[PDB]
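> Sequence plus experimental coordinates follow:
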Amino acid sequence: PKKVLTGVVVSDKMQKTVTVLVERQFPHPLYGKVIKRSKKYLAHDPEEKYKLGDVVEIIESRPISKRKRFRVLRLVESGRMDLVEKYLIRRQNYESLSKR
Amino acid sequence: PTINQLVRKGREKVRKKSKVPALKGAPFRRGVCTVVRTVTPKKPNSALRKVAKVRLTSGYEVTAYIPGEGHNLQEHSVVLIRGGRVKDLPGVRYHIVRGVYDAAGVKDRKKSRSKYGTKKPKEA
Amino acid sequence: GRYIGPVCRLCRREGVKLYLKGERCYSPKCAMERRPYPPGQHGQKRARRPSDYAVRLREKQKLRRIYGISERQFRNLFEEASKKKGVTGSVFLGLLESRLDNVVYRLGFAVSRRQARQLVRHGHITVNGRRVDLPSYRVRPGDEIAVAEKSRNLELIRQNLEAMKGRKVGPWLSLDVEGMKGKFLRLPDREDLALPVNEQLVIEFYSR
Amino acid sequence: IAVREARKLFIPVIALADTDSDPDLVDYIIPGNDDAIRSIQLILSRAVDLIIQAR
Amino acid sequence: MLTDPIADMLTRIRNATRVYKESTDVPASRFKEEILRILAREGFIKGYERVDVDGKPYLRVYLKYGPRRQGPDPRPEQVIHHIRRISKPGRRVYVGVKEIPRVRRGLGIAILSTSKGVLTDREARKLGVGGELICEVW
Amino acid sequence: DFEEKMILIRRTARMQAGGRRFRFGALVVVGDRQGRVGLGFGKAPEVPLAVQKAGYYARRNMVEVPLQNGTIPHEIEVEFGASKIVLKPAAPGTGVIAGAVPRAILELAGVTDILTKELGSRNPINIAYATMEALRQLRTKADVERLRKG
RNA sequence: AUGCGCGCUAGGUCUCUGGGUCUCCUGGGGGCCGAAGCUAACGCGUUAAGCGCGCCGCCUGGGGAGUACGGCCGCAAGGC
RNA sequence: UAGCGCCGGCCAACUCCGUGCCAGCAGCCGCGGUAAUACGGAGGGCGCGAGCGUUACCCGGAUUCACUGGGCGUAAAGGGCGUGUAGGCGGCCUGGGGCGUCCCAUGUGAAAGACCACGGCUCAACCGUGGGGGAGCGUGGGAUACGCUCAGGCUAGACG
Ligand SMILES: [Zn+2]
């Protein structure tokens, strides 16, 4: 069966393309603590019907481009902007971590 | 530390340091003597320890110890170098295998002949 | 390459009568009933309190010398016994007792294990009518051990098996002297043997 | 010191304790007074008389 | 801030028992009630009771001790020698049926929060379930 | 009636007016291989006197060990000072797996099958005390059920 | 030479500062002596170095050495 | 055919002769400057034995990177002190979802190796047959105590 993942949309700055942030939880191999991790997927939507903060489902698919191998299955929740804000601030904090 | 501090950073693994760098991960090396000399112990001991300054088939020139009652090592003798540090002399960390290339077995040994390589004496 | 050489010196060093010679070590000649002190120059000097390592080593050496097997074989047997079910001591002793030459000695064809080994090696002993000539052959409970037909007339065999008349063999064995044969009924138990060894020391030795 | 010794030697302890005493170390405690002659007199007299008539 | 209530309750019990107090008070909840119940049957504590302190619901635990001992240090023996918390916030311990621990060769108990309620190791093994490993007591 | 085992003797020194004065300390274990052991520490100007004193103290200070099948009812960890001892029951046919000091203590109590480990400091005196403490802290099923149930 | 927060575990005494039904009782600070306990010991002990939970920082034998090189900061000394 | 290493402690195994801070031994502690059980030889002894020792490298011992299983007042180790971002963690009561979690079934988890039981080489090593185990993933179904999420409340934390 084709893999199905669920995540928020964090970028719609491309044509017929969204960016989905998928969240994962798993015990640490050694310490047994429940670790939480994130990944970004470029999902295909030929109808431009998804925007920022839509918790959507993506499904495995035949390649569309270099980095796009997932399509958007359906919409789950809308207006969930807080997750996008959290992702943005985490990504923004990097300009503080520079050395030069 | 916290389990969080262990997840974030983990534990550093301890790596060993080779006590015999000149060998380059080999049981022995082959070298040529350049200086055959005698030196003095560190402090609580006193003697004249025989020492050979060998150049190896590696890129190393190192001092080695010549064990036994006597030797025959000249200035160009081909020798075999073995691991093992001498406690007294500060800097020598190799031995010479007696009775391989040019170093000969210590004459008239009777007890530990495998070390200080000497053939079994004829009894008749 | 078994141990070949002076024997009663082992009797002396161990300090207990190991019956490794046959008839002599029964007569007042075992060299233990006279001069029971250890061999060598410093035999009859006052002995220091032995360490734990000394105790364990000595017990193991005594047990190993009773059977006259190599250290390698002894260690292998111990590893095999340690890996099975039940008590390690009991199983180990049983496996030590399952050797062909040992069974030959027990049945009484030979006077000593050093003799049983020679009898087996020289093809004088058969198992289930098939000639077996290795001392380390492990006999299973319910095998018939007999003397080869070609080796019946040997005066050694006749003399040895004449002494078995009106003599009791181990309860885990049966003997038919007239037929010159025997049956290995079952594995011997801890109590069935009169070995002067406390195998707990052997176990403790090998654990380290 | 006496109490500690008796504890060490498994000897039962009877004591006329007061407010500043440890109830745990006494096997059989009489919670009363350690001062006031009158109290000591009463308690000891009763105990001794009981011993007397017990014999 | 109070981060772990269950660990707090266990610590309260331990601290009370170490000074031979007859009774302790703990803020009340269903989960703590379940823990106290499991402890109650096994005869560790004398028994728990629901009370109200300034309107706030509390659980009062009556503790149990051995007989008074003889000789030096006459303090009575403990019924709860040792009590720990296994699965803590920031490191949760979940065990299957196969991995359920045995405590003091069956002398002590371990409390599991299984899908079929809060049980002991013995009950869980009988029912053939696992779950969150709360604590071990002996 | 009892067997003695001598764990160690040590010669200690104190400094007088420009001189060394010596004393001897002996650590003696006393047992009957039936579940009764004592441990004694004796100091005297001379070794025999030290050994005698240690024997006396050992006989005066005994503990009962609840054996069954010649092993321990349950595992126990005991820390005395900076030294720690771990004891675990073993099935028959294991033998006594221990260092010199725990071995000597446990054999005289009649233990025939046990697994041990020493952790932290390994001073023989502290290890011996820890071992005795652990032996003093052993409970059986009957004792535990008597406490819990009544 | 004692990171921050929260909860529990005998007390006695001195002191600074609020409240009350003011002999006393109830809060918040600062000090000494000490239950249980902890510690290698000294000692700590409701102002924990006791029993627990959460998060951060740091240690891994001494000397060479806070030295060398690299990077960041500073006018420089120098700092990390 | 019987050799090889050891005999101060660790570590089983002790006397004499020779030398005299020399010659030398050494894995650590250390021996040798006149009666050396530590150097060289002899006699004895111990341990293995067609093998016995040494050098190199790995795991152990090392709880000496401590998840199981360590620590920071003085032994090495609390940041000079705040404010605070990401992260980690989080009171009481009720209901929904079943994400983590637990269970059942099933598909994998090749052979060889490992484990067990039988066998064939005169035994063994070696090999053959059979059975089971197995961390981890996929699919179907189930449970809801705990962690998560979504709703509805509460005042013991926090703030006015
Ligand atoms: Zn004999």
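Received it, and whenever you're ready, just let me know what you need. Residues are numbered from 1 along each chain as shown, chains lettered A, B, ... in the order given.
> quick one: contacts for the residue in chain A that chain D sits nearest to?
Using Cβ to the nearest Cβ, residue A:32 is the residue of chain A that sits closest to chain D, at 44.7 Å. Just so you know, the C-beta spots here come from the backbone N, C-alpha and C atoms, and that holds for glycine as well. Applying Cβ atoms under 8 Å, 6 or more residues apart in numbering or on different chains, we find residue A:32 in contact with E:91, E:92, E:93.
> For residue C:154, see how far away residue C:122 is.
Distance of residue C:122 to residue C:154, given as Cβ to Cβ, to the nearest Å: 10 Å.
> out of these two, which sits in the more crowded spot?
Comparing residue C:122 with residue C:154 by other Cβ atoms under 10 Å in any protein chain shown, the one with more neighbours is residue C:154, at 14 against 11.
> Quickly note the distance from the more buried one to residue C:126.
The gap separating residue C:154 from residue C:126 is 14 Å, by Cβ to Cβ.
> cool, and residue F:93?
For residue F:93, the distance to residue C:126 (Cβ to Cβ) stands at 36 Å.
> need the contact list for the residue nearest in space to the middle of chain D.
The residue lying closest to the centre of chain D (Cα atoms, centre = their mean) is residue D:15, at 2.1 Å. Contact analysis of residue D:15 by Cβ under 8 Å, 6+ apart lists D:3, D:21, D:26, D:28, D:29, D:30.
> ok so, going back, relative to chain A, which of the contacts of residue A:32 is nearest.
Chain A lies nearest to residue E:91 out of the contacts of residue A:32, by Cβ to the nearest Cβ, at 5.2 Å.
> count of neighbours near the closest residue to the closest one other than its chain neighbours?
Using Cβ to Cβ, 6 or more residues apart in numbering or on different chains and skipping residues adjacent in sequence, the residue nearest residue E:91 is residue B:3, 4.7 Å away. Neighbour count for residue B:3, taken as other Cβ under 10 Å: 14.
> With residue A:38 as the reference, measure out to residue B:3.
In this structure, residue B:3 and residue A:38 are 20 Å apart, going by Cβ to Cβ.
> Chain A against RNA strand H: which residues are in contact?
Neighbours of RNA strand H within chain A, by Cβ under 7 Å from any atom of the strand: A:1, A:25, A:27, A:30-34, A:36, A:86, A:89-90, A:93.
> Any of the residues you listed buried? List them.
residue A:33 (16 or more other Cβ atoms under 10 Å in any protein chain shown).
> Format the contacts of residue A:32 as TSV; extra columns: neighbour count.
Formatted as TSV, these follow (neighbours: other Cβ atoms under 10 Å in any protein chain shown):
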residue	neighbour count
E:91	18
E:92	14
E:93	15
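> Can you narrow those down to the ones near RNA strand G?
Of these, the ones that also sit near RNA strand G (Cβ under 7 Å from any atom of the strand) are residue E:91.
> Now do the helices in chain A.
All helices of chain A, identified by DSSP state H, fall at A:82-92.
> who's in contact with the residue of chain D found nearest chain B?
Nearest to chain B, among the residues of chain D, is residue D:24, at 41.3 Å (Cβ to the nearest Cβ). Neighbour list for residue D:24: E:74, E:75 [criterion: Cβ under 8 Å, 6+ apart].
> The same query, at a cut-off of 6 Å, please.
residue E:74 (Cβ atoms under 6 Å, 6 or more residues apart in numbering or on different chains).
> helix, strand or coil for it?
Assigned with DSSP: H, G, I helix; E, B strand; the rest coil, residue D:24 falls in the coil class.
> Distance check, it against RNA strand G.
9 Å (Cβ to the nearest atom of the strand, to the nearest Å).
> Over to residue B:65?
Taking Cβ to the nearest atom of the strand, one finds residue B:65 at 22 Å from RNA strand G.
> which residues touch that residue?
Applying Cβ under 6 Å, 6+ apart, the residues contacting residue B:65 are B:86, B:92, B:95.
> now, which of those sits nearest RNA strand G?
Using Cβ to the nearest atom of the strand, residue B:92 is the member of those that lies nearest RNA strand G, at 17.4 Å.
> Find the nearest non-adjacent residue to the closest one, please.
Nearest one to residue B:92, counting by Cβ to Cβ, 6+ apart, is residue B:63 at 4.4 Å.
> same check, this time on residue F:108
In this structure, residue F:108 finds its nearest non-sequential neighbour in residue F:31, 2.6 Å apart by Cβ to Cβ, 6+ apart.
> Residue E:23 too?
Leaving out its chain neighbours, the residue that sits closest to residue E:23 by Cβ to Cβ, 6+ apart is residue E:62, at 5.3 Å.
> tell me, how many neighbours does the one you found end up with?
By the measure other Cβ under 10 Å, the count of residues near residue E:62 is 13.
> repeat for residue B:17
By other Cβ under 10 Å, neighbour count at residue B:17 equals 5.
> Look at it and tell me its secondary structure.
Following three-state DSSP, residue B:17 is assigned to coil.
> Torsion angles phi and psi at it?
Torsion angles at residue B:17 (phi, psi; degrees, to the nearest 10) stand at phi -120, psi 130.
> Quick check: the closest residue to residue B:20 other than its chain neighbours vs chain C, distance?
Nearest residue to residue B:20, sequence neighbours excluded (Cβ to Cβ, 6+ apart): residue B:83, at 4.7 Å. Note on residue B:83: its distance to chain C, by Cβ to the nearest Cβ, to the nearest Å, is 28 Å.
> go on, residue B:35?
Relative to chain C, and taking Cβ to the nearest Cβ, residue B:35 is found at 47 Å.
> Next: residue A:28.
In this view, residue A:28 and chain C are 36 Å apart by Cβ to the nearest Cβ.
> Name the SS class of the residue in chain F positioned nearest to chain B, please.
Residue nearest to chain B within chain F: residue F:119 (19.5 Å; Cβ to the nearest Cβ). Under three-state DSSP, residue F:119 falls in the strand class.
> Pull the contacting residues for it.
Taking Cβ under 6 Å, 6+ apart, we find residue F:119 in contact with residue F:84.
> again, only using 7 Å
For residue F:119, the contact set (Cβ atoms under 7 Å, 6 or more residues apart in numbering or on different chains) comprises F:84, F:86.
> Report the beta-bridge partner residues of it.
Residue F:119 has these beta-bridge partners by DSSP bridges: residue F:84.
> Pull up the gap between it and residue B:66, please.
Applying Cβ to Cβ, the value for residue F:119 to residue B:66 is 46 Å.
> who touches the residue nearest to residue B:42 when sequence neighbours are not counted in this structure?
Nearest residue to residue B:42, sequence neighbours excluded (Cβ to Cβ, 6+ apart): residue B:88, at 5.2 Å. Residue B:88 is in contact with B:41, B:42, B:45, B:49, counting by Cβ under 7 Å, 6+ apart.
> host element of residue B:88?
Using DSSP states H and E, residue B:88 is not contained in any helix or strand.
> how deep is residue F:57 tucked in, by neighbour count?
Here the number of neighbours of residue F:57 (other Cβ under 10 Å) works out to 17.
> just residue C:39 next, same as before
Neighbour count of residue C:39, defined by other Cβ under 10 Å: 15.
> Three-state assignment for it, please.
On the basis of three-state DSSP, residue C:39 is classed as coil.
> Is it in contact with residue C:14, as I believe?
No - under the criterion of Cβ atoms under 7 Å, residue C:39 makes no contact with residue C:14, lying 10.8 Å away.
> one step back: format the contacts of residue A:32 as a markdown table; extra columns: distance to residue F:82 and secondary structure.
Shown next, in a markdown table, are the contacts of residue A:32 (distance: Cβ to Cβ, whole Å; DSSP: H, G, I helix; E, B strand; the rest coil):
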| residue | distance to residue F:82 | secondary structure |
| --- | --- | --- |
| E:91 | 28 | strand |
| E:92 | 33 | coil |
| E:93 | 30 | coil |
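> what's the closest of the contacts of residue A:32 to residue D:45?
residue E:93 (66.9 Å; Cβ to Cβ).
> Which segments of chain F make up each domain?
F:3-63, F:64-149 (curated CATH domains).
> I appreciate the help and will end here.
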